[PDB]
Amino acid sequence: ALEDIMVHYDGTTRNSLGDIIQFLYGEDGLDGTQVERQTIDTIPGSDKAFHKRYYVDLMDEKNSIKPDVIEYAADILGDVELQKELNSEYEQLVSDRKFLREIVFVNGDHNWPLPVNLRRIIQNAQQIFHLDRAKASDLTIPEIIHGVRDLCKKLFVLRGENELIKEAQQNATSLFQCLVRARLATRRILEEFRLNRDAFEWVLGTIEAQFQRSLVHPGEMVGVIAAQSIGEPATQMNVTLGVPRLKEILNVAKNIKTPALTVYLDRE
Amino acid sequence: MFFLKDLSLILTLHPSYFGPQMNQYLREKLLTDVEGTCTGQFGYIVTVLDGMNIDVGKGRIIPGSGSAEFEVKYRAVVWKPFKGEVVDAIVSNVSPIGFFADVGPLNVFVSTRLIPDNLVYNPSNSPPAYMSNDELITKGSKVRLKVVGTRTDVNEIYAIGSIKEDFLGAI
Amino acid sequence: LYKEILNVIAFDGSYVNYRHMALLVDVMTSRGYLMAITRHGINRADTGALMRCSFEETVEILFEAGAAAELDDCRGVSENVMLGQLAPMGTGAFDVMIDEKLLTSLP
Amino acid sequence: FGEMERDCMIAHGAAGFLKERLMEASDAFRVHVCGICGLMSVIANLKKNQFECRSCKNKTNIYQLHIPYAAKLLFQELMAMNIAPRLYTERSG
Amino acid sequence: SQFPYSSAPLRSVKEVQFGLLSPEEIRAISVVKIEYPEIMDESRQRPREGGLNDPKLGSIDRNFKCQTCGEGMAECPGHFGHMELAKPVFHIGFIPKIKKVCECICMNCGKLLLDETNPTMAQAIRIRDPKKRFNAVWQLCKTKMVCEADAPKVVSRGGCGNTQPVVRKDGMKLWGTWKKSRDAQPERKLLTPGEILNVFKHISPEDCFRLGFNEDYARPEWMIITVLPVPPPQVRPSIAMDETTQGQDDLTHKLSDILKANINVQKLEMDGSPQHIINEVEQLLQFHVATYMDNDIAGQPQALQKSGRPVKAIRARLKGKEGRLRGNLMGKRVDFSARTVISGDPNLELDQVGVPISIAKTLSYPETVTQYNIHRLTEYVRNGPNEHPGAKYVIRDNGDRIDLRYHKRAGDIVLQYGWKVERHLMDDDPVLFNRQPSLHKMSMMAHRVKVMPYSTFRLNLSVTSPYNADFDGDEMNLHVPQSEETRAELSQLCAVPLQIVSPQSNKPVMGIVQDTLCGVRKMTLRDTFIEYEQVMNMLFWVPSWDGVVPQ
Amino acid sequence: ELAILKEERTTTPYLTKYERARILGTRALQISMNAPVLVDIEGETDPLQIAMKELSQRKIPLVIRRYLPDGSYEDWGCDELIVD
Amino acid sequence: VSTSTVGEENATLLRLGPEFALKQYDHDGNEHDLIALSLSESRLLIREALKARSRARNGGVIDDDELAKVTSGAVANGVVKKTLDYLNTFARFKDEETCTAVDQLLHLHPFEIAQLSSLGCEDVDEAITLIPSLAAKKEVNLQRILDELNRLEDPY
RNA sequence: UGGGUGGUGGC
Ligand SMILES: [Mg+2]
Ligand SMILES: [Zn+2]
Ligand SMILES: [Zn+2]
Ligand SMILES: [Zn+2]
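Every chain's residues are listed with numbers counted from 1 in the order the sequence is written; these need not match the entry, and residues without coordinates are not shown. All chains are assigned letters beginning at A, and all ligands numbers beginning at 1, according to the order in which they are written. The displayed chains are a subset of a larger assembly; all values refer to this subset. Calculated side-chain values reflect all of the structure's heavy atoms, with hydrogen atoms and water omitted.

The deposited coordinates derive from cryo-EM, with the record listing a resolution of 7.0 Å.

If you look chain G up in the PDB entry, it shows as RNA polymerase II subunit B32 from Komagataella phaffii. In the PDB, the structure is listed with the title "RNA polymerase II elongation complex stalled at SHL(-5) of the nucleosome". UniProt positions are given in the numbering used here, feature names are shortened, and annotations may be inferred rather than shown by experiment. Quoted verbatim from the Sequence similarities (unreviewed entry) heading of the UniProt record, the comment on chain G is "Belongs to the eukaryotic RPB4 RNA polymerase subunit family." Recorded in UniProt for chain G, the comment headed Subcellular location (unreviewed entry) runs: "Nucleus".

Visitor: What should I look at first to understand the coordination of the zinc ion (ligand 3) in this one?
Guide: Octahedral six-donor coordination of a metal ideally yields angles of 90 or 180 degrees, compared with 109.5 degrees for tetrahedral four-donor coordination. Residues and elements named next belong to chain E. In the first shell of the zinc ion (ligand 3), the protein supplies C66 (SG), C69 (N), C69 (SG), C76 (SG) and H79 (NE2), at 2.1 to 2.8 Å from the metal. Donor selection uses N, O and S atoms within 2.8 Å of the metal (3.2 Å for Na, K and Ca). Since no water is included, sites may look incomplete. One chain supplies every donor for the zinc ion (ligand 3), spaced along it as C-x2-C-x6-C-x2-H. Taken individually, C66 and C69 each receive the classification buried, so the pair is uniform in this respect. For every residue, the accessible area (1.4 Å probe, protein chains only) is compared with the maximum for its type, and the residue is labelled buried under 20%, exposed over 50%, or partly exposed between those bounds.

Visitor: In this structure, what is going on with the sheet that holds strand β11 (residues 365-368) of chain E? I would like to understand it.
Guide: Backbone-to-backbone hydrogen bonds pair the strands of a sheet. The strands run either parallel or antiparallel. Residue and element names in this part refer to chain E. By this definition, two strands are paired if DSSP reports at least two bridges between them. Here a helix means four or more residues in a row that DSSP labels H or I, a strand means two or more in a row labelled E, and each is numbered from the N terminus. The antiparallel open sheet is built from three strands, whose spatial order is β11-β13-β12. Looking at the sheet topology across the chains shown, the edges are occupied by β11 and β12 (391-395). Adjacent strand axes in the sheet meet at a mean angle of 30° when their direction is disregarded. Bridge count between β11 and strand β13 (residues 420-423): four bridges; the pairing is antiparallel. What sits directly across from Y365, in β13, is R423. A fitted line through C-alpha atoms represents every axis, and for helices the fit uses only the stretch in contact; the resulting angles, taken between N-to-C directions, go from 0 to 180 degrees.

Visitor: When you look at the UniProt feature "binding site: Zn(2+) 1" (unreviewed entry) in chain E in this model, what are you seeing that I'm missing?
Guide: Residues and elements named next belong to chain E. This chain's UniProt record puts "binding site: Zn(2+) 1" (unreviewed entry) on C66 and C69. Of the annotated positions mentioned, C69 line the largest cavity. Here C66 is to be found in the loop between α1 (23-29) and β2 (81-90). Residue contacts are defined here by distance: any two heavy atoms, one from each residue, within 4.5 Å place the two residues in contact. Each residue touching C66, except ones within four places of it in the same chain, is listed here: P55, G58, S59, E71, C76 and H79. Counting through the fold element by element, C69 comes out in the loop between α1 and β2. Residues are called lining when one of their atoms sits within 4 Å of a cavity or pocket point, these points coming from a 1 Å grid over the protein atoms alone, where a cavity is a set in which a 1.4 Å probe fits but cannot get out and a pocket is an open set with protein on both sides within 12 Å along at least five of seven lines.

Visitor: Teacher, can you tell me more about empty space enclosed by the protein here?
Guide: The rolling of a water-molecule-sized probe over the atoms marks out the regions of remaining empty space. Grid points are joined across faces, edges and corners, and a volume is the space filled by probe spheres set on the points. Volume-wise, the largest cavity comes out at about 250 Å³. Considering the residues around the largest cavity, the lining is formed by 22 residues, among which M40 and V42 of chain D together with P77, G78 and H79 of chain E are closest to the centre. Its residues assigned to classes, the lining of the largest cavity shows twelve nonpolar, six polar and four charged. The computed volume of the second largest cavity comes to approximately 190 Å³. Taken together, 15 residues make up the lining of the second largest cavity; nearest its centre are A1 and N15 of chain A together with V27, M35 and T47 of chain C. For the lining of the second largest cavity, the residue count by class is nine nonpolar, three polar and three charged. Side-chain classes follow a simple rule in which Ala, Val, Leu, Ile, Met, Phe, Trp, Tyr, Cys and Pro form the nonpolar group, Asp, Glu, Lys and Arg form the charged group, and the remainder, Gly included, forms the polar group.

Visitor: Looking at this model, I keep getting lost on the protein's contact with RNA strand H. Mind explaining?
Guide: All names here are of chain E. As a structural note, the neighbourhood of RNA strand H is formed by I239, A240, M241, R435, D470, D472, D474 and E475. One heavy atom suffices: a residue is near a molecule or strand as soon as one of its heavy atoms comes within 4 Å of it. Within 4 Å of the protein, atoms of RNA strand H come from sugar and phosphate in 41% of cases. Think of a polar contact as two N or O atoms within 3.5 Å of one another; within protein, one of them needs to be a possible hydrogen donor and the other a possible acceptor, and neighboring residues in sequence only count if both atoms come from side chains. One nitrogen or oxygen atom from the main chain of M241 is found 3.1 Å from a base nitrogen belonging to RNA strand H. Classifying every residue of the surface near RNA strand H by side-chain character gives three nonpolar, no polar and five charged.

Visitor: What's the story with the coordination of the magnesium ion (ligand 1) in this structure? I'm lost.
Guide: The coordination sphere of the magnesium ion (ligand 1), as far as protein atoms go, consists of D470 of chain E (OD) and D470 of chain E (OD), spread over 2.1 to 2.5 Å. Relative to the helices and strands, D470 of chain E is located in the loop between α11 (464-467) and β16 (475-477).

Visitor: Quick question: what am I supposed to make of the packing of aromatic side chains here?
Guide: Between two aromatic rings, the relevant description is the distance of the centres plus the angle of the planes. Pairs were defined over the aromatic rings of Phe, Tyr and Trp, the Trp ring being its six-membered one, requiring ring centres within 6.5 Å. Orientation was assigned from the angle between planes: stacked under 30 degrees, edge-to-face over 60, tilted for the rest. With the rule as written, the count across this model stands at 20 aromatic pairs over all chains. Here the aromatic rings of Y86 of chain G and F90 of chain G are separated by 5.6 Å at their centres, their planes lie at 40°, and the arrangement is tilted. Chaining the aromatic ring pairs together yields one cluster made of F50, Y54, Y55 and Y90 of chain A. Note that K100 of chain E overlies the ring of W138 of chain E, its terminal NZ or CZ placed 4.2 Å from the centroid. In this arrangement the basic side chain of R487 of chain E is found over the ring face of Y365 of chain E, its NZ or CZ atom lying 4.6 Å from the centre. Throughout this description, the term charge over a ring refers to an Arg CZ or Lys NZ atom that lies within 6 Å of the ring centre and within 35 degrees of the ring normal.

Visitor: Even after reading the chapter, I still don't get the interface of chain F and chain B, so can you show me in this structure?
Guide: Many descriptions give the size of an interface as the accessible area lost when the pieces come together. Each side of the interface is counted separately: chain F has eight residues, and chain B has ten residues. The buried area of a pairing is the accessible area, by a 1.4 Å probe, that goes missing from both parts when the two are put together, added over both. Note on chain F versus chain B: buried area summed over both sides is about 690 Å², and carbon and sulfur give 66% of it. Sorting the residues of chain F by area buried against chain B places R22, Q30 and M33 of chain F first, and these three jointly supply 54% of that buried surface. Whenever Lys or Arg places a side-chain nitrogen within 4 Å of a carboxyl oxygen from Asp or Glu, that contact is recorded as a salt bridge. Counting the contacts that link chain F with chain B gives zero salt bridges. The element that contributes the greatest number of residues to the side of chain F that touches chain B is helix α1 (residues 17-32) of chain F, accounting for four residues. Residues of the side of chain F that touches chain B, tallied by class, amount to four nonpolar, three polar and one charged.

Visitor: Would you mind showing me how to read the domain arrangement of chain G here?
Guide: Residue and element names in this part refer to chain G. Domain borders in the structure are assigned automatically or taken from a domain database. Domain boundaries assigned for chain G yield domain 1 (1-36) and domain 2 (37-156). Each partner contributes residues to the interface: domain 1 has eight residues there, and domain 2 has eleven residues. Across the domain 1 to domain 2 interface the summed buried area is about 780 Å²; carbon plus sulfur atoms make up 75%. Taken together, domain 1 and domain 2 are joined by zero salt bridges. Seen at the junction of domain 1 and domain 2, the total is one residue pair in polar contact.

Visitor: Mind showing me how you'd approach the side chain of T47 of chain C here?
Guide: Within the secondary structure, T47 of chain C sits in the loop between α3 (39-42) and α4 (49-53). Residue classification places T47 of chain C among the buried positions, given a relative accessible area of 12%. Filtering out sequence-adjacent residues up to four positions away, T47 of chain C remains in contact with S16 and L17 of chain A together with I42 and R52 of chain C.

Visitor: I keep staring at the packing of helix α3 (residues 118-128) of chain A against helix α8 (residues 197-213) of chain A and nothing clicks. Help me out?
Guide: What describes two packed helices is the angle between their axes and the distance between those same axes. All names here are of chain A. Their axes nearest at 10 Å, the elements α3 and α8 cross at an angle of 145°. By crossing handedness, the relation of α3 to α8 is classed as right-handed. The residues of α8 that touch α3, namely those facing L118, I121, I122 and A125, are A199, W202, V203, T206, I207 and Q210. Across the contact of α3 with α8, the residue classes tally to eight nonpolar, two polar and no charged. Throughout, a crossing is termed right-handed when the near helix is turned clockwise from the far one, and left-handed when it is turned anticlockwise from it by less than a right angle.

Visitor: Hey, could you run me through the UniProt feature "binding site: Zn(2+) 8" (unreviewed entry) in chain E in this one?
Guide: Residue and element names in this part refer to chain E. Here the UniProt feature "binding site: Zn(2+) 8" (unreviewed entry) sits at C106 and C160. With respect to the element layout, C106 can be found in the loop between α2 (95-104) and α3 (119-124). Its location among the elements puts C160 in the loop between α4 (130-141) and β3 (166-170). By relative accessible area, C160 is classed as partly exposed at 38%. With near-sequence residues (within four places) excluded, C160 lies in contact with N108, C147 and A149.

Okay, here's the thing in structure tokens:
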């Protein structure tokens, strides 16, 4: 059935004729082995939990950075020039929370298979850079904000500069940038993890390189791998399930044996 | 009849030739292989134009053999004769069955039955010739003939002429 | 369709990446209707002639090959195997040249 | 080296290995084609080195190929059933 | 090097031009007209020219060269023949499409019963697909009952006004029913094929273009065979029954039967003929041409052999699991394989497979004689073909084979730069490794060579999970590359360390099996203590241990 | 007719593993057929290790012709593409 | 072996076969009129090309027997030497000055344009005989063409 | 160094 399907050098999915099937491979451009199930932390929990973990406040003293972890802590409190940065970024994350809450992952089950797992890189830098201490750091909040925002435009899946390229770029890695901002927000980094500058720059460079190395390769005969890797649990496997249900779904019957409805009722 | 023809030659290069003078080798190779050869399809390839500037392109590596395939495009002066075409010539030999005339690259045979009757082969004459009274066809005589048949050996082409028509003969 | 496949595979605890099921459910609706997996699906495509002949009913479909003057440019895979060619994928999805650019950089 | 072995070779994709398997350790076989009527009717004398597409009087538009002997067998069987596989070596449209 | 040199340059096939064949082009491609039913002269040593085994077709004997191509049997592809049937016949494989075509058009002038006047037909004309074009014309013409003399002042399109008949199919024999007038005698009569040939020769190229054909490729007077070709005898070569007598292939028996019915056709029109003696011998001719291409036709009994078995047609040589495609082209048998029964061996890496010595002796690999491998390869000559590690052949730069069981003088042989030498299967080469049947993309994986006596295949036991092999007697094959190219192909893609993670379920599918697993769980329970002395050995076993014990 | 300039190049600038495989095979086949090596030869005398010693340094005189599925093609040199 | 851009011969009827059609195509696909060469044109191209190739081989530093030795191989030496001597003894306009004059005079099928220059003629009667294609074209001056051609023709 | 049928056994 599939034996010619080849992902070419434009991230699309054609047969021998050129019947394009998916405009972007697997809807993401990501090689199928290269995922782990991770936790997009900004889905679950209450508004209290989010507003307690993330909401920066630079006017009130105590809800700000407890000043033991940063060197420059004299240079901060009250400045609205940096408060508007952080309000924009908190509204950014409320936008992402509404996004991943109400568009994509509606029922809120947050565990999803998503590529390169950053937490492991963070704790790898931690064990490399001896990251206890419980020590002041010299890495500023505006460098965090500009690092995240200058990250989210460097995850080129679909390269080039036409309008549909940039549109398909932002359609492509919305969920992955949502992941990064779901983790590497300012209060989480500078309280719960306690990086320094050099760790953070290494984190930025490595997320670059490995989300480059988990792009799908061109010519991965995905139909063939796909067909085998669906046939393989079919080897070792009141509604009909198993092999006849699979047969009917493939050979498409107008008469399957026992059809069914999923009928919701209205909320009242 | 001379033409300028746009031709090309496929050259396959063995990997031991994958060296710093590869393109110049291919240009010399084209000339050695194409100049002076004859085909019934184009004729004699007399000389190649602009030989030292020929663009040999890039060699495609043949899967499974390692060797590289170049398509060397070029433009040459070619000479092909045609049935019906009138041309001048220089007679090379005269014999009892007619004479042979050099028209550039090749040689044309004119038989006695395609020579007007008043031209009589005279062996006693020095030098031997076909003679009349005001006509004289000996070796080295400029003659104007008409190509009445072209035969192809793909190596050398063979053309038979005639001076048995108007305005054809010695000049 | 996707919900059906993910159901009946993952009933017995077995787990499947999204993109494989996605590729299957999108090829099954390439052409606006369910191009089902039989001879009726693939052979009633206008694709490569020998590729369609290599699956089923090869006598009839060869007679319809020669019977209507088809032009198969042989970009299907099965053609390029049975015509003994560099098939178009893997290493053979793309030719390799020699380079006058880098061999000019070379001495 | 059956079907589903070729299937997993396609899945790995390294088809150059497949062109080793179904050409070179098997019935490697060499035929000729006249480039006009596209067929393999071209009679091959070699030490005299001459050829003739006798349905065409074609003596120049001649190429050889490298196909499996069973593929040639397919072609002779089909032409003995009157279907005409014609192999043109260039894309036409 | 494996082929003799030619001057026509190698090119690969790009475009299959499927099409039909004229009677003309059959008559223009062959070398011999076919005449005589006997094979032999008079049983006299070189059988009869004019029978079926013409040496101008291509000789199926090793020692008599071909009398058209002038080669041996190794190089001659064969040459077509053709047997001029006196009576033209149907091709057996087009009878529904020929049925539809004589459903379409006039039977006097041969013109399509619709034009661009009827606008739904005028819309169906615009279709770029030939097949559903012919479907739409086939649909709109099956209701049209009368050949319009007029255009569908007389605008006489070409028809005469006589009606158009109703086309039934009955096996080989067609029954057209005109409504010859309203009601009068319907002449349901056998559509003789020659009458339809004379019909089909009267078609305009526009009616070819509208009706789903193409003129220079598929002209629908070519779907009736006047001249049924003869294949060369490679396709039906004689088999040594018991090493003196040749039982023939069934194509030879069937072409003999066709030529016998051919001569018994031409016997009737040259003498007194009782008019259905004609009909039966003609219908028998059609029967023999039918079973030449197909012995599976519905409704009629099969063509039968001289054992009580059915005849091997051309259709039976192509369909089925063991036809030429699925049994010989899509998949086939090949060489440089090997095969045995396996055994586990945990004293190994993960990319190593044990090789019995005799299998290393039999198979080989052509390593190129280069400037960096002369010495060992000369030594592998000096082992010869009965001593591993060694060699079996030198292929020269031209194609010279030197079998070193049949050569006294290995000691006087220098080698040249760029010759070819097949040495044996030495250590550290890629092999492919493989178990029938393949079920996922790890089921072929590359490995490296380890040479062991005691003839079985050795494995690691972590690779037991992906191939799904136990050790109650499985067979696992071993294909060998014969080139440098495929070696690197295997070594960079199909090697085990690059196929650990299966995209089936985005997890590793090569883990730990029975003993190593339950042992390590017994080892690192909390209350397990080891003395220092045994620990010395235990940390010696790690190939990646630095040289430092823990505290 | 088809070919694109080397500035509109919108395909990925990496070698990927399939490309890598063919480059290794073909370069090794050439150096098997006595094409001299641009890199030093320590113990790596088998041709595949020679090829990986070159690709380690990106010293390969080849050109990928990726057939983009119109028919046109981006002539990538090896030298420009980022070795993985 | 060697092939061209294009993918019963009677010179009297201007039937030159499939290779020498009126409209040719160069190696870029551009349309181009057939390039038929008179004996005089051909003498200039061949001699120029041969001495230009010799100069390029010498990094940038006359006789036909010497000029034909520029070719590679005894077969090529032969065809080129035999062609130059033929052109040396039948090219009327043996310099580019006269040749461009003949070029402008003539610039009508490309085959005829080369024949009129190659074949010296006296009158219109001799031209329409040897070149029977000029019959139905109906636009002479032919005579002053031949007169100018014969006047431009240098002595020997 | 036969074909072609058919039977039993291995995973
Ligand atoms: Mg078992
Ligand atoms: Zn032909
Ligand atoms: Zn022969
Ligand atoms: Zn009628």
